[PDB]
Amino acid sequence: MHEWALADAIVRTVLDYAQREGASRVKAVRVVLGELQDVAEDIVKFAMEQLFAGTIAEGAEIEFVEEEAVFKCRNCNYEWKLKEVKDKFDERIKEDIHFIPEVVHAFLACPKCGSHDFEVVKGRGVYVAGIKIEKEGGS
C-alpha cells in the first residue's frame, strides 16, 4: 500500500464519518502511522490534500503521529519494543535513535529467548485516530 492507496483509504475513512455525522466541515484529522511503514509522509499529505479539494474536508489540518513498533515472540510470548535495549545500542540516548524500515529486520530477534518468528503487535499499520468536524442545526 503505497502513498496513493493509503491517502485514498484515509480520505475515504474521513469523508464517510463526516457523511454519517451530517458534518458541514472537516476541521482536522489525526493519523497514526507505524514506524515500520516505508511511506513518505509528505506524499501521503500531498495526496490527501488533492483528494480533499472541493470536498467539505478541504482545508482540514492534518496531523501525523508515529506508533512505536511492538513485537511478541511466538516462542516465549515475550513482548519488546525496538527501544527496549535489553542490550542498549552504544548510544544510550535511546529516544535519539531512528530505525530504517527496509533494513530493520537485522535488529529483530527476541531478546530474552532465542530469536525470530515473532508477531508484529503494533507499529505496522496506519489508522485515523481522530477527526474534528463542525455541524449545524438544532433547537
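Start at 1 and count along the sequence shown; that's the residue number.
When the C-alpha B-factors of 127-135 and 112-120 are averaged, 112-120 comes out higher.
On average the C-alpha atoms of 73-81 have higher B-factors than those of the other stretch, with 96-104 and 73-81 being the two compared.
Ranking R30, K27, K45, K86 by Cα temperature factor from the entry places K86 first. Highest CA B-factor among the listed residues (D38, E66, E91, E61): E91.
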